[PDB]
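Quick notes on the structure that follows.
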Amino acid sequence: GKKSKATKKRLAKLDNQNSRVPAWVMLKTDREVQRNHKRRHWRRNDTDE
Amino acid sequence: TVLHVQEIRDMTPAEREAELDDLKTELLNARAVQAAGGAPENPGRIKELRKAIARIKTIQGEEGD
Amino acid sequence: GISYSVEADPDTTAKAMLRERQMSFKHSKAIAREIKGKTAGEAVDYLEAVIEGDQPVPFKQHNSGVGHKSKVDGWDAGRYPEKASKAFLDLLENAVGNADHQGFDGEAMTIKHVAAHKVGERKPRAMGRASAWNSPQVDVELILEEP
Amino acid sequence: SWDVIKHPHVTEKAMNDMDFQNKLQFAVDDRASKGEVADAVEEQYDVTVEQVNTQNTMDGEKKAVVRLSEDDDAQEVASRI
Amino acid sequence: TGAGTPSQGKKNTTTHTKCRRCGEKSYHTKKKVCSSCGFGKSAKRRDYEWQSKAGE
RNA sequence: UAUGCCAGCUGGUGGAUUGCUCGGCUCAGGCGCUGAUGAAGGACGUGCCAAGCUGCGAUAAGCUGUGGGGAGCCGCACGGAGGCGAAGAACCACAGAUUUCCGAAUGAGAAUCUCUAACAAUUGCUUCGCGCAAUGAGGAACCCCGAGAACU
RNA sequence: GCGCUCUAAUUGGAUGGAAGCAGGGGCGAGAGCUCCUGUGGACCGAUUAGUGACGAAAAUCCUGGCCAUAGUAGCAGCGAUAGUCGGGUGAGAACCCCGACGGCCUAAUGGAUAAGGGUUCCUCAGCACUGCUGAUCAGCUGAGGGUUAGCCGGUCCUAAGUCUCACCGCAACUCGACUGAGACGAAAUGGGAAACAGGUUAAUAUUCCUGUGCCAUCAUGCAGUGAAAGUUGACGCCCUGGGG
RNA sequence: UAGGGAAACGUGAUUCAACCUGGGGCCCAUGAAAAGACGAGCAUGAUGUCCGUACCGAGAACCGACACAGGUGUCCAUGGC
Ligand SMILES: [Cl-]
Ligand SMILES: [Cl-]
Ligand SMILES: [Cl-]
Ligand SMILES: [Cl-]
Ligand SMILES: [Mg+2]
Ligand SMILES: [Mg+2]
Ligand SMILES: [Mg+2]
Ligand SMILES: [Mg+2]
Ligand SMILES: [Mg+2]
Ligand SMILES: [Mg+2]
Ligand SMILES: [Mg+2]
Ligand SMILES: [Mg+2]
Ligand SMILES: [Mg+2]
Ligand SMILES: [Mg+2]
Ligand SMILES: [Mg+2]
Ligand SMILES: [Mg+2]
Ligand SMILES: [Mg+2]
Ligand SMILES: [Mg+2]
Ligand SMILES: [Mg+2]
Ligand SMILES: [Mg+2]
Ligand SMILES: [Mg+2]
Ligand SMILES: [Mg+2]
Ligand code: NA
Ligand code: NA
Ligand code: NA
Ligand code: NA
Ligand code: NA
Ligand code: NA
Ligand code: NA
Ligand code: NA
Ligand code: NA
Ligand code: NA
Ligand code: NA
């Protein structure tokens, strides 16, 4: 499928939101923050559009 | 910090444009370094370069340029 | 997790535990039951022979469908739990290790107490997926005592 | 207003182009055409731009591969910044 | 040919997409109309009283 | 005496219970419109490191002025490196600057991008020239004018 | 008449250890009241008058947790029966890698792609999670990197048809047929200006590099002032010859 | 005296996909349109921006809750016996 420059941007953002919660945030928050409640696998999940 | 408002106002419409372009170029090289795994940084500065630029711009507005 | 259910005397006794091991809980009950009263060393030789298949572990409670083994005495069914057994050897290697580091004769120490406990739920991680089925999670205490 | 050049795209592959084809790679703003990217570069660096290739990255940014004239030297340029 | 599983396999047509107006994946690209905000159908935004209990 | 029955003891599993409350629910007084000067809403950005939330908008967790406040500070968020503040910072109040794209969406088209100057469209006045203006959309419910069921 | 919540008045207890919980003693026909020990570590009553989302064994009741079932079924059945011996790495190897031997797939199990997916690609580090066993492997986990075009596509054109504006209808509209104008409507697979060869990376390649070539537009100069008639784009089904 | 190959770096033939060009037959069926191209020369120079481009394309990268025995379009229809 041929994507558009707009679509390609959204996907790019999505790929980026799909990253670990920086190692340091854990310490800064005394570990109250560990899970990325927004992890989206390519196969297991479905991105909008 | 290493730049103030009064000092920005004691400039001429040509001195700010001058100071401005200066910072930008400094900023740009700061970023260039960071991009290349820069280390000899002082993070509290690349942050300033942005605020200063803001200030110079805020002033170019007030002073009518 | 568990805590030692029995009370020991540091001057004449060693301790050892296994935590959240993913292995049959039913096999552990058997092994424990089986090696209790034995000598740390006797247990090791035993367990290794089991992992071999020359010695069968008597399955007295969880034996539905299990075929009879001629080497079982006083009983009939039994198997060769090599995974669960390899893990008891670790518990022993550790219990006998702590033993000597305390001027004891580990290999000759008696297994005064050994018991398995199902602990359940592994618990997902940060950057980690989830538990597939419901594999059992075992804990097991061991108390070595001077002869 | 928006600036044309964001910063130098520095990676192994970018190095090659630099050390081998006299090419400097940049992360530029996505609304920038090749020609705009061309000018901006010849200015902030003082050189002669021969050709510029662009690509919209899966990072939401536009990458530009800029080749300098035979006179200027990519390595020598990038070195100062 | 079952209407179930075996007919699920032909579903590779795109219809509803991210809406330029309300940001929902309800913009029907073949109809050019958002089933959520009504973008493409009306200037006023789609909204009905039955989207909630009568006395609320 | 195996397999085993009943009750207890020690440990576990489980998360009830008791205690606690940064959230709710309800009542009450006050107050009450926003938008072409482009709103409400959304997309995408923005941090030294930054995924979420909050904020902000290419001047991007912010810039300016006045007043308050005060030795501390760099949101949630307690890390690391670094920085800012007696040139009075942080923080609060009012006022101003900036304020990307889509969006009534208004030059034209388009799943938030693109193509070559624009109040598109409908109107009022009219220098009959978009020259000066109006409308559009939003809002918790309340309000006013029309259309108007069925279960029961 | 017993018990629960909170309000009030009157009156008490508690870090010299409240509530709750576990085990145990006494009272009451009983609802229940009370005490002792352990735990716990901060709240808790009594009497009177009130208050009410006030008492459960049940509803194929709801939600959560758990046991037996059971170390049982499945991990065999498909015209694709697939491995074996050595060796490498490794804490660990039936299944990760090398060699040999033996096989499997032939319109596909090969090659190129549309839709769709959306980073799944390459590299490095990992194995708690995922993989019907295992794993040193991986589409898994984490971090990095990666997609380069005048001549491949989109873009332009029009198809069935669609929308917009005007007009008209309707109580009215985000509704509705006609007419008029405008726009939209084809990425493998409609029409269409123009690219080939070789080389190159861990990952791109008619895009980058080397070589050669072609198309359009415009500017300049020369020619020509012919210029729009026409041809082309541009076409069904069946049989067949010739060139190649 | 491009390129490529370790080397040779062939020549003729038959049958001939692609491609090219014809003749015949059928219709109570008649088998798009428009942009564009040609018509209408040459030389030198300049410009040619914008979007897509990774990978899967399937008994594990798509739809089917799944690494699902299902479903899912095109071209390779000329490799040998
Ligand atoms: Cl079990
Ligand atoms: Cl009574
Ligand atoms: Cl393409
Ligand atoms: Cl003929
Ligand atoms: Mg990534
Ligand atoms: Mg059996
Ligand atoms: Mg490109
Ligand atoms: Mg049906
Ligand atoms: Mg528009
Ligand atoms: Mg009283
Ligand atoms: Mg009853
Ligand atoms: Mg239940
Ligand atoms: Mg049975
Ligand atoms: Mg075979
Ligand atoms: Mg891979
Ligand atoms: Mg590896
Ligand atoms: Mg079109
Ligand atoms: Mg075509
Ligand atoms: Mg490839
Ligand atoms: Mg490719
Ligand atoms: Mg199914
Ligand atoms: Mg499979
Ligand atoms: Na997917
Ligand atoms: Na039994
Ligand atoms: Na026997
Ligand atoms: Na026997
Ligand atoms: Na960047
Ligand atoms: Na108000
Ligand atoms: Na207006
Ligand atoms: Na963040
Ligand atoms: Na603002
Ligand atoms: Na006018
Ligand atoms: Na295997």
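We name chains A, B, ... following the order of the structure tokens; residues begin at 1 in each chain, and ligands are numbered from 1 as shown.
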Checklist entry - Could you name the residues that touch residue 20 in chain E at 6 Å or less, counting only C-alpha atoms (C1' of nucleotides), but leaving out those on the same chain fewer than 4 positions away, as a ChimeraX atom specification? => result /F:102,111-112
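Running DSSP on the backbone and keeping only helix (DSSP H, G or I), the residues of chain E that qualify are residues 5, 6, 7, 8, 49, 50 and 51 of chain E.
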Next on the checklist: Neighbouring residues of ligand 26 are defined here as those with any atom at most 9 Å from a ligand atom, counting only C-alpha atoms (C1' of nucleotides) and all ligand atoms; list them as an MDAnalysis selection string.
Outcome noted: chainID C and resid 68:77
Filtering to C-alpha atoms, could you give me those residues as a PDB file, in the first residue's frame?
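Printed below is result24.pdb as written:
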ATOM      1  CA  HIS C  68       4.220 -49.182  37.823  1.00  0.00           C
ATOM      2  CA  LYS C  69       7.994 -49.216  38.436  1.00  0.00           C
ATOM      3  CA  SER C  70       9.587 -52.395  39.807  1.00  0.00           C
ATOM      4  CA  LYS C  71      12.215 -50.562  41.837  1.00  0.00           C
ATOM      5  CA  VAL C  72       9.600 -48.874  44.010  1.00  0.00           C
ATOM      6  CA  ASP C  73       9.446 -50.593  47.381  1.00  0.00           C
ATOM      7  CA  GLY C  74       6.177 -50.733  49.327  1.00  0.00           C
ATOM      8  CA  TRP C  75       4.602 -48.808  46.491  1.00  0.00           C
ATOM      9  CA  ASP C  76       4.040 -49.295  42.783  1.00  0.00           C
ATOM     10  CA  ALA C  77       4.009 -46.097  40.694  1.00  0.00           C
TER      11      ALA C  77
END
Checklist entry - Got a sec to pull out which chain A residues are within 10 Å of chain F, counting only C-alpha atoms (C1' of nucleotides), and send them as an MDAnalysis selection string? => result chainID A and resid 4:7 9:10 13 16:39 49
Keeping only N, CA and C atoms, take the residues you just selected and write them out as a tab-separated table (two decimals), in the first residue's frame.
chain	number	residue	atom	x	y	z
A	4	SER	N	0.86	8.30	2.41
A	4	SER	CA	1.04	9.71	2.13
A	4	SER	C	2.00	10.29	3.15
A	5	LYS	N	2.49	11.49	2.89
A	5	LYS	CA	3.43	12.14	3.79
A	5	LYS	C	2.82	12.33	5.17
A	6	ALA	N	1.51	12.53	5.23
A	6	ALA	CA	0.82	12.73	6.50
A	6	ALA	C	0.77	11.41	7.26
A	7	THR	N	0.32	10.38	6.57
A	7	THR	CA	0.21	9.05	7.14
A	7	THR	C	1.57	8.64	7.69
A	9	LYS	N	3.92	10.36	8.68
A	9	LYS	CA	4.30	11.07	9.89
A	9	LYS	C	3.64	10.42	11.09
A	10	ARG	N	2.33	10.20	11.01
A	10	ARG	CA	1.61	9.58	12.12
A	10	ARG	C	2.25	8.25	12.51
A	13	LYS	N	5.33	8.83	14.50
A	13	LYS	CA	5.06	9.21	15.88
A	13	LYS	C	4.74	7.96	16.66
A	16	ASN	N	7.56	5.90	17.61
A	16	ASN	CA	8.30	6.55	18.68
A	16	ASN	C	7.63	6.43	20.06
A	17	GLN	N	6.31	6.53	20.11
A	17	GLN	CA	5.58	6.43	21.38
A	17	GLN	C	5.77	5.04	21.93
A	18	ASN	N	6.20	4.15	21.05
A	18	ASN	CA	6.39	2.77	21.40
A	18	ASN	C	7.79	2.46	21.91
A	19	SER	N	8.23	3.24	22.89
A	19	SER	CA	9.55	3.03	23.48
A	19	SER	C	9.48	2.95	25.00
A	20	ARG	N	10.49	2.31	25.59
A	20	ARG	CA	10.56	2.11	27.04
A	20	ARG	C	10.49	3.43	27.79
A	21	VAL	N	10.18	3.33	29.08
A	21	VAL	CA	10.12	4.49	29.95
A	21	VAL	C	11.56	4.64	30.41
A	22	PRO	N	12.27	5.64	29.88
A	22	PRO	CA	13.68	5.88	30.24
A	22	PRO	C	14.10	5.37	31.62
A	23	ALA	N	15.22	4.66	31.62
A	23	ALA	CA	15.78	4.07	32.83
A	23	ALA	C	15.80	5.01	34.02
A	24	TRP	N	16.21	6.26	33.79
A	24	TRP	CA	16.29	7.24	34.87
A	24	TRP	C	14.96	7.63	35.51
A	25	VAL	N	13.91	7.75	34.71
A	25	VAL	CA	12.60	8.12	35.24
A	25	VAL	C	12.24	7.22	36.42
A	26	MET	N	12.68	5.97	36.34
A	26	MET	CA	12.42	4.97	37.38
A	26	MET	C	12.93	5.46	38.72
A	27	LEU	N	14.18	5.91	38.73
A	27	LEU	CA	14.81	6.40	39.95
A	27	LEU	C	14.22	7.74	40.38
A	28	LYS	N	14.10	8.66	39.44
A	28	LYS	CA	13.54	9.97	39.72
A	28	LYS	C	12.17	9.84	40.38
A	29	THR	N	11.43	8.79	40.03
A	29	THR	CA	10.10	8.58	40.57
A	29	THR	C	10.06	7.49	41.63
A	30	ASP	N	11.23	7.11	42.14
A	30	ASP	CA	11.32	6.05	43.14
A	30	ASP	C	10.57	4.80	42.67
A	31	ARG	N	10.63	4.59	41.36
A	31	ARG	CA	10.02	3.45	40.67
A	31	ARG	C	8.49	3.39	40.59
A	32	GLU	N	7.83	4.50	40.87
A	32	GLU	CA	6.37	4.56	40.80
A	32	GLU	C	5.93	4.56	39.34
A	33	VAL	N	6.90	4.71	38.44
A	33	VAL	CA	6.64	4.73	37.01
A	33	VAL	C	7.57	3.74	36.30
A	34	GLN	N	7.00	2.65	35.80
A	34	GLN	CA	7.79	1.64	35.10
A	34	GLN	C	7.19	1.19	33.78
A	35	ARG	N	5.87	0.98	33.77
A	35	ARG	CA	5.18	0.51	32.58
A	35	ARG	C	4.66	1.55	31.60
A	36	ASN	N	4.92	1.30	30.32
A	36	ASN	CA	4.47	2.16	29.24
A	36	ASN	C	3.08	1.62	28.94
A	37	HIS	N	2.07	2.19	29.59
A	37	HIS	CA	0.69	1.74	29.40
A	37	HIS	C	0.17	1.94	27.97
A	38	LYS	N	1.10	2.13	27.03
A	38	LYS	CA	0.76	2.33	25.63
A	38	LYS	C	1.67	1.57	24.65
A	39	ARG	N	2.08	0.36	25.02
A	39	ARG	CA	2.93	-0.45	24.15
A	39	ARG	C	2.07	-1.07	23.06
A	49	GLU	N	-6.51	3.87	11.58
A	49	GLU	CA	-6.48	4.22	10.15
A	49	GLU	C	-6.78	2.99	9.29
Next on the checklist: Using only C-alpha atoms (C1' of nucleotides) and a cut-off of 12 Å, which residues of chain D sit close to chain F? Please list them as number ranges by chain.
Outcome noted: D: 1-4, 6, 29-31, 60-61
Requested write-out: C-alpha atoms of the selected residues, as an mmCIF file, in the first residue's frame:
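The resulting file, out25.cif, is shown below:
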data_model
loop_
_atom_site.group_PDB
_atom_site.id
_atom_site.type_symbol
_atom_site.label_atom_id
_atom_site.label_comp_id
_atom_site.auth_asym_id
_atom_site.auth_seq_id
_atom_site.Cartn_x
_atom_site.Cartn_y
_atom_site.Cartn_z
ATOM 1 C CA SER D 1 9.418 31.488 11.418
ATOM 2 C CA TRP D 2 10.992 28.089 10.773
ATOM 3 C CA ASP D 3 14.682 27.433 10.071
ATOM 4 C CA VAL D 4 15.694 25.359 7.040
ATOM 5 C CA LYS D 6 17.875 21.500 11.908
ATOM 6 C CA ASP D 29 12.518 20.917 8.067
ATOM 7 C CA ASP D 30 9.975 18.943 6.030
ATOM 8 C CA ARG D 31 8.554 21.955 4.168
ATOM 9 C CA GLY D 60 8.952 12.609 11.140
ATOM 10 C CA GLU D 61 11.938 14.550 9.862
#
Next on the checklist: Give me, as a VMD selection string, all polymer residues having an atom no more than 7 Å from residue 63 in chain H, counting only C-alpha atoms (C1' of nucleotides) and skipping those fewer than 4 positions away in the same chain.
Outcome noted: chain E and resid 8 to 12
Same residues, C-alpha atoms, output as an mmCIF file, in the first residue's frame:
data_model
loop_
_atom_site.group_PDB
_atom_site.id
_atom_site.type_symbol
_atom_site.label_atom_id
_atom_site.label_comp_id
_atom_site.auth_asym_id
_atom_site.auth_seq_id
_atom_site.Cartn_x
_atom_site.Cartn_y
_atom_site.Cartn_z
ATOM 1 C CA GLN E 8 -12.948 -12.944 6.816
ATOM 2 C CA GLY E 9 -9.978 -13.456 4.509
ATOM 3 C CA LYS E 10 -11.131 -11.078 1.783
ATOM 4 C CA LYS E 11 -11.247 -8.108 4.131
ATOM 5 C CA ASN E 12 -8.336 -5.996 2.949
#
Next on the checklist: as a VMD selection string, could you give me every residue of chain D near chain A (at most 8 Å apart, counting only C-alpha atoms)?
Outcome noted: chain D and resid 56 58 to 60
For the residues selected in the previous step, produce a file with C-alpha atoms as a JSON list (two decimals), in the first residue's frame.
[["chain", "number", "residue", "atom", "x", "y", "z"],
["D", 56, "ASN", "CA", 11.23, 11.92, 4.42],
["D", 58, "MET", "CA", 10.29, 7.44, 9.51],
["D", 59, "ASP", "CA", 11.25, 9.83, 12.27],
["D", 60, "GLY", "CA", 8.95, 12.61, 11.14]]
Checklist entry - Mind listing the residues within 8 Å of ligand 7, only C-alpha atoms (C1' of nucleotides) and all ligand atoms counted, as a ChimeraX atom specification? => result /D:53-56 /G:148-149,207 /H:51-53
How would the residues just picked look written out with N, CA, C and O atoms (P, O5', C5', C4', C3', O3' and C1' of nucleotides) as a PDB file, in the first residue's frame?
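Wrote part.pdb, looks like this:
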ATOM      1  N   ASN D  53      19.848  15.486  -2.429  1.00  0.00           N
ATOM      2  CA  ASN D  53      18.819  14.456  -2.441  1.00  0.00           C
ATOM      3  C   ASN D  53      18.091  14.526  -1.104  1.00  0.00           C
ATOM      4  O   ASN D  53      18.705  14.793  -0.068  1.00  0.00           O
ATOM      5  N   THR D  54      16.783  14.304  -1.128  1.00  0.00           N
ATOM      6  CA  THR D  54      15.998  14.359   0.096  1.00  0.00           C
ATOM      7  C   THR D  54      15.247  13.070   0.305  1.00  0.00           C
ATOM      8  O   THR D  54      15.036  12.302  -0.628  1.00  0.00           O
ATOM      9  N   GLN D  55      14.823  12.862   1.541  1.00  0.00           N
ATOM     10  CA  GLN D  55      14.084  11.678   1.927  1.00  0.00           C
ATOM     11  C   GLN D  55      13.329  11.999   3.202  1.00  0.00           C
ATOM     12  O   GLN D  55      13.909  12.532   4.146  1.00  0.00           O
ATOM     13  N   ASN D  56      12.035  11.692   3.227  1.00  0.00           N
ATOM     14  CA  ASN D  56      11.231  11.923   4.419  1.00  0.00           C
ATOM     15  C   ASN D  56      11.342  10.700   5.327  1.00  0.00           C
ATOM     16  O   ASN D  56      10.806   9.635   5.035  1.00  0.00           O
TER      17      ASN D  56
ATOM     18  P     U G 148      15.519   5.380  -1.491  1.00  0.00           P
ATOM     19  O5'   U G 148      16.118   6.852  -1.501  1.00  0.00           O
ATOM     20  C5'   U G 148      15.270   8.006  -1.373  1.00  0.00           C
ATOM     21  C4'   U G 148      16.037   9.254  -1.750  1.00  0.00           C
ATOM     22  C3'   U G 148      16.413   9.385  -3.224  1.00  0.00           C
ATOM     23  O3'   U G 148      16.559  10.770  -3.538  1.00  0.00           O
ATOM     24  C1'   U G 148      18.368   9.232  -1.938  1.00  0.00           C
ATOM     25  P     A G 149      15.460  11.513  -4.439  1.00  0.00           P
ATOM     26  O5'   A G 149      15.624  10.861  -5.883  1.00  0.00           O
ATOM     27  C5'   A G 149      16.776  11.135  -6.705  1.00  0.00           C
ATOM     28  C4'   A G 149      16.483  10.769  -8.144  1.00  0.00           C
ATOM     29  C3'   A G 149      15.371  11.558  -8.833  1.00  0.00           C
ATOM     30  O3'   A G 149      15.612  11.557 -10.245  1.00  0.00           O
ATOM     31  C1'   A G 149      14.786   9.287  -8.790  1.00  0.00           C
ATOM     32  P     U G 207      19.505   3.877 -10.931  1.00  0.00           P
ATOM     33  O5'   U G 207      19.182   5.353 -10.439  1.00  0.00           O
ATOM     34  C5'   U G 207      17.925   5.650  -9.850  1.00  0.00           C
ATOM     35  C4'   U G 207      17.959   6.985  -9.155  1.00  0.00           C
ATOM     36  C3'   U G 207      19.084   7.218  -8.149  1.00  0.00           C
ATOM     37  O3'   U G 207      19.180   8.626  -7.873  1.00  0.00           O
ATOM     38  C1'   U G 207      17.070   6.736  -7.006  1.00  0.00           C
TER      39        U G 207
ATOM     40  P     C H  51       8.593  16.236  -0.459  1.00  0.00           P
ATOM     41  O5'   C H  51       7.480  15.150  -0.807  1.00  0.00           O
ATOM     42  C5'   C H  51       6.198  15.178  -0.145  1.00  0.00           C
ATOM     43  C4'   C H  51       5.384  13.957  -0.502  1.00  0.00           C
ATOM     44  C3'   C H  51       6.098  12.624  -0.389  1.00  0.00           C
ATOM     45  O3'   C H  51       6.106  12.129   0.937  1.00  0.00           O
ATOM     46  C1'   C H  51       4.951  12.721  -2.443  1.00  0.00           C
ATOM     47  P     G H  52       7.123  10.955   1.325  1.00  0.00           P
ATOM     48  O5'   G H  52       6.665   9.749   0.389  1.00  0.00           O
ATOM     49  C5'   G H  52       5.495   8.972   0.695  1.00  0.00           C
ATOM     50  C4'   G H  52       5.452   7.731  -0.159  1.00  0.00           C
ATOM     51  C3'   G H  52       6.690   6.856  -0.116  1.00  0.00           C
ATOM     52  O3'   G H  52       6.621   5.979   0.999  1.00  0.00           O
ATOM     53  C1'   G H  52       6.002   7.163  -2.362  1.00  0.00           C
ATOM     54  P     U H  53       7.956   5.593   1.799  1.00  0.00           P
ATOM     55  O5'   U H  53       8.745   4.613   0.824  1.00  0.00           O
ATOM     56  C5'   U H  53       8.090   3.493   0.209  1.00  0.00           C
ATOM     57  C4'   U H  53       8.976   2.885  -0.859  1.00  0.00           C
ATOM     58  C3'   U H  53      10.359   2.419  -0.407  1.00  0.00           C
ATOM     59  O3'   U H  53      10.744   1.284  -1.183  1.00  0.00           O
ATOM     60  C1'   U H  53      10.599   4.006  -2.116  1.00  0.00           C
TER      61        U H  53
END
Checklist entry - With distances taken over only C-alpha atoms (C1' of nucleotides), which of G:124, G:93, G:156, G:197 is nearest to residue 36 in chain H? => result G:156
